[PDB]
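Shown below: target17.cif, with mmCIF, C-alpha atoms.
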```cif
data_protein
#
loop_
_atom_site.label_atom_id
_atom_site.label_comp_id
_atom_site.auth_asym_id
_atom_site.auth_seq_id
_atom_site.Cartn_x
_atom_site.Cartn_y
_atom_site.Cartn_z
CA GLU V 1 12.12 0.53 -11.68
CA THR V 2 10.43 3.93 -10.64
CA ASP V 3 7.51 1.59 -10.31
CA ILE V 4 5.99 2.05 -6.76
CA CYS V 5 4.24 -1.28 -7.44
CA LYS V 6 7.55 -3.04 -6.59
CA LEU V 7 7.73 -1.49 -3.06
CA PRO V 8 6.52 -3.71 -0.13
CA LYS V 9 3.65 -3.12 2.38
CA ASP V 10 4.47 -0.02 4.59
CA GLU V 11 3.86 -0.28 8.44
CA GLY V 12 6.16 2.78 8.69
CA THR V 13 7.63 2.22 12.25
CA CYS V 14 6.09 5.42 13.74
CA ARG V 15 3.33 6.40 16.26
CA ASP V 16 0.03 6.62 14.22
CA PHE V 17 -0.57 3.04 12.89
CA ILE V 18 -3.82 3.39 10.92
CA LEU V 19 -5.17 0.77 8.52
CA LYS V 20 -4.59 1.34 4.73
CA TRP V 21 -4.54 -0.57 1.37
CA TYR V 22 -1.32 -1.71 -0.38
CA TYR V 23 -0.71 -3.18 -3.85
CA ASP V 24 0.47 -6.78 -4.05
CA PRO V 25 2.39 -7.47 -7.39
CA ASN V 26 1.72 -11.24 -6.81
CA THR V 27 -2.04 -10.73 -7.33
CA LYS V 28 -1.82 -7.21 -8.74
CA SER V 29 -4.64 -5.99 -6.55
CA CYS V 30 -4.53 -4.63 -2.92
CA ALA V 31 -4.79 -5.85 0.69
CA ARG V 32 -5.35 -4.12 4.04
CA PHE V 33 -2.40 -3.31 6.42
CA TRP V 34 -1.17 -0.99 9.38
CA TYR V 35 0.73 2.13 8.09
CA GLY V 36 2.54 4.92 10.04
CA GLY V 37 3.14 8.59 9.01
CA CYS V 38 6.94 8.99 9.54
CA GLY V 39 9.25 5.87 9.02
CA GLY V 40 7.78 4.34 5.80
CA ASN V 41 7.65 4.12 1.93
CA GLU V 42 4.70 4.98 -0.46
CA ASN V 43 2.70 1.74 -1.35
CA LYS V 44 -0.13 2.90 0.96
CA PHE V 45 -3.71 3.92 -0.17
CA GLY V 46 -7.07 4.74 1.58
CA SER V 47 -9.28 2.28 -0.43
CA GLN V 48 -8.56 -0.59 -2.91
CA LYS V 49 -10.10 1.58 -5.66
CA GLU V 50 -7.47 4.33 -5.13
CA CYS V 51 -4.76 1.61 -5.40
CA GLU V 52 -6.53 0.32 -8.58
CA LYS V 53 -6.18 3.88 -9.93
CA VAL V 54 -2.43 4.25 -9.04
CA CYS V 55 -1.01 0.77 -10.02
CA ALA V 56 -4.13 -1.38 -11.01
CA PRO V 57 -4.91 -5.14 -11.78
CA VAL V 58 -3.27 -6.34 -15.08
#
```

Mind converting the file's structure to structure tokens?
Amino acid sequence: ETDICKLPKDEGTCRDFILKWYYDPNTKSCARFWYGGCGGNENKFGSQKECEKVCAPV
């Protein structure tokens, strides 16, 4: 709980769909997806390494 790592990939139904990295609890690493600035959640990074620094692979 209060564990962002449990929140799913965010393609935030808006108008700026840019590609970002999200953390996958199944692997515990990150993949590349299409996020949007206004109608989303926060499991969205700029590079796998950022992700690795926010949730990480354990």

Apply the PyMOL selection byres ((chain V and resi 7) around 8) to the file shown and report the selected residues as a count of residues only. 9

Translate the PyMOL selection byres ((chain V and resi 23-34) around 8), as applied to the file shown, into an explicit residue set as JSON, numbers by chain. {"V": [5, 6, 8, 9, 10, 11, 17, 18, 19, 20, 21, 22, 35, 36, 43, 44, 48, 51, 52, 55, 56, 57, 58]}

May I have the residues within 7 Å of residue 14 (chain V) as a ChimeraX atom specification, using all atoms listed in the file and disregarding those fewer than 5 positions away in the same chain? /V:36-39
